[PDB]
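One is the number of the first residue; the rest follow in order along the sequence. Note that ligands are numbered from 1 as they come in the structure, with each ligand's atoms numbered from 1 the same way.
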Amino acid sequence: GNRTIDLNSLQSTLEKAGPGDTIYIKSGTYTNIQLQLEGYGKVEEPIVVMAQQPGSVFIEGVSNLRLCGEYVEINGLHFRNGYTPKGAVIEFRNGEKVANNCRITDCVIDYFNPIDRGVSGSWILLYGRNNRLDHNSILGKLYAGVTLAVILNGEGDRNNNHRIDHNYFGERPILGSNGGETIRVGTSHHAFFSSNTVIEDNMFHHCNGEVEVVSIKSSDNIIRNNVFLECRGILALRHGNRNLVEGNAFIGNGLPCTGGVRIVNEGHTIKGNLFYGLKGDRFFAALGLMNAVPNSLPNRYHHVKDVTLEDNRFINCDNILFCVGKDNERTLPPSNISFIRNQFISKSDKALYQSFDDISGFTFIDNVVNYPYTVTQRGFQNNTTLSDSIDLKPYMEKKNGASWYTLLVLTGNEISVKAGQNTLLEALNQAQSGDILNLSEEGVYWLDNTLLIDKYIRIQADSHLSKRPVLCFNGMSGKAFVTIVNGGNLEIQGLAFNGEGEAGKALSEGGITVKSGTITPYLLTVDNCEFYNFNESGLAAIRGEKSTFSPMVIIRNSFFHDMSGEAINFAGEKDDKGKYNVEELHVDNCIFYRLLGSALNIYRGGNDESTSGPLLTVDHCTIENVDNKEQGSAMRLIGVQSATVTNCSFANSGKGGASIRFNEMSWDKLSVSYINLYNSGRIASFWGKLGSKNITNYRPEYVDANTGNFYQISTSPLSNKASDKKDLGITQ
Ligand SMILES: [Ca+2]
């Protein structure tokens with residue numbers, strides 16, 4: 001019954017296959033193939049569909065797979081360079097039939113994404129009973145939707161005893177919204193049903209989609225012996241009762257937003273887990289036992305009770321939170337909680353645990369602690385001999401992923417660009433990824449079209465020039481000077497952007513923008529650039545459009561002036577559904593002068609608790625005559641979960657509204673210090689708790705604001721008053 005066929009004949013061949021047959025798949029690249037598979041083996045003799053040699057059967061293009069029947073194994077498929085058109089990439093069902101006792105192993109899904117970010121769907125969907133998903137490598141999902149979900153819609157899908165083991169769940173970048181889980185087991189609608197799913201011996205590496213790496217929303221599951229290495233997320237016991245969390249390793253290595261386990265519901269056991277180097281806070285914390293809503297509806301937060309945590313090791317964990325989430329709705333503290341024989345070791349002077357409500361429901365027995373201070377809590381014992389040295393390699397040596405599967409730098413090439421009609425446009429089109437475009441002479445670099453950045457490129461002014469090369473737009477249809485699309489990564493330095501507008505030609509739509517729907521995460525670095533003469537209110541010099549995302553945007557040493565619109569806009573997600581477009585934005589040593597719109601506008605709206613960002617740092621910026629209209633904001637930072645504004649100067653700005661505006665949650669980490677505000681609007685927030693470390697009101701004294709020199713004169717009271725002893729505002 002052994003056959004060696006190509007993939008197109010698999011469906012009819014699998015139907016004719018009998019128990020024990022082996023169907024070998026010829027090597028090749030199959031494009032636009034929707035496999036609908038049905039086969040029936042038996043417990044002693046399964047039907048094995050295998051790549052003739054694994055790792056050389058490529059399923060590309062508009063493709064997906066559906067599997068139903070009994071005792072059918074599929075081995076050695078490689079999904080890449082394509083996208084699923086309808087459901088998931090792999091489903092354990094086919095029409096109305098499900099797959100039982102089937103197995104998908106030694107397969108790879110590798111950046112199986114479409115070209116537009118504005119879609120949502122899964123990659124692997126589990127149905128039926130007693131199916132196994134093992135030794136697979138899944139990585140690179142760039143759009144919304146959980147990577148792998150266990151569905152419990154029908155009785156045939158519940159009490160599944162599905163085994164998700166020895167897989168490598170690789171990089172999943174920050175989605176910027178809810179819906180970026182790597183694994184979800186159940187939903188709120190079937191939460192109190194038993195799923196009996198086993199997730200064991202898996203490797204979660206850089207699974208950073210959202211707060212939940214694994215979202216358990218069903219009952220009586222087992223999550224054991226997994227490794228979460230540097231994941232910006234947690235294991236969430238979100239819905240359902242009696243889940244077992246045993247022998248897992250949460251290895252954050254001191255990286256940001258790394259967490260462990262967040263607990264809701266009743267009856268769980270958390271035993272023998274390693275919590276190592278976790279920096280996450282609140283819902284990202286190393287450990288969290290939530291407050292709950294009394295008599296909660298199915299989709300809210302149910303009472304945490306009858307939970308035993310024993311023989312866990314909390315090594316260098318920043319935040320261990322009891323009653324986390326307490327507010328006017330989640331008013332019910334955990335009850336009948338037992339911490340037994342746990343080990344707490346930390347080198348930092350953070351609290352052992354933090355409580356946000358009464359913890360009378362907690363019992364502590366024979367816990368041992370080694371912190372830099374003496375713990376005087378009943379049920380804890382200090383031991384200064386405990387070492388925070390841990391042997392992590394037993395977690396790093398475990399075999400995971402497909403057996404045959406293994407796995408932003410310059411080229412060094414520089415392209416000189418003279419001035420002319422389209423010198424920069426043709427230099428970019430001749431450039432490879434990693435090339436440097438060196439504008440070699442001063443003058444006007446005209447552009448009839450946008451510079452489309454679909455690769456990694458660096459555009460710089462030659463270091464010998466004494467003035468910034470000026471970019472001007474003389475096209476017939478409105479575009480931005482630079483447009484980042486799929487695959488683009490941009491560092492730009494020393495360039496001036498003049499959107500003046502030419503006679504008889506279209507107006508430019510901004511300086512740098514990222515095309516909406518761009519599915520590849522992009523990096524943007526702007527250094528010593530200039531933006532001016534954009535004279536419509538709806539434009540921005542630098543804009544991250546809706547349905548785009550960057551993990552890191554850096555803007556430094558730049559000059560934004562004489563514009564009717566904004567300078568930096570990352571406020572496109574206006575639907576108040578928790579979405580945002582930049583994880584970390586850093587603004588350094590920038591001048592904002594004579595703008596009708598905001599110097600900076602970042603927005604994340606809604607009450608969603610599923611994300612970490614955006615994070616913002618603003619340092620040594622000078623804001624002069626910016627956004628004085630009624631209810632304007634010189635800086636609009638709504639929903640920024642972490643903001644640090646330091647060593648800045650606001651003058652004659654925000655007079656009709658606010659110089660800096662927040663609409664913050666009480667737990668948002670906002671730090672506004674060393675700010676000079678002269679004849680400017682107030683620093684506006686909802687709770688009024690930003691404090692007032694070094695808030696001055698001196699009159700700034702520029703060297704020569706007419707020639708663009710906004711440094712302070714040496715005798716100005718803004719001199720040497722920054723926290724780093726440099727100048728308030730731009731400096732050095
Ligand atoms: Ca979620």
Ionic contact status for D357 with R330, cut-off 4.0 Å: no
Salt bridge present between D608 and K577 (N-O < 4.0 angstrom): no
Minimum-distance atom from the Ca ion (ligand 1) among N, O or S atoms of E212: OE1
N, O or S atom of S610 closer to the Ca ion (ligand 1) than 3.0 Å: no
Pairing of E545 and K515 as salt bridge, 4.0 angstrom limit: no
Worked verdict on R66 versus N94 for side-chain hydrogen bond (donor to acceptor under 3.5 Å, both in side chains): CA-CA 5 Å; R66 302 297 184 265; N94 180 8; over 6 Å; no
Shortest-distance N/O/S atom, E181 versus the Ca ion (ligand 1): OE2
For the Ca ion (ligand 1): the N/O/S atom of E210 at shortest distance: OE1
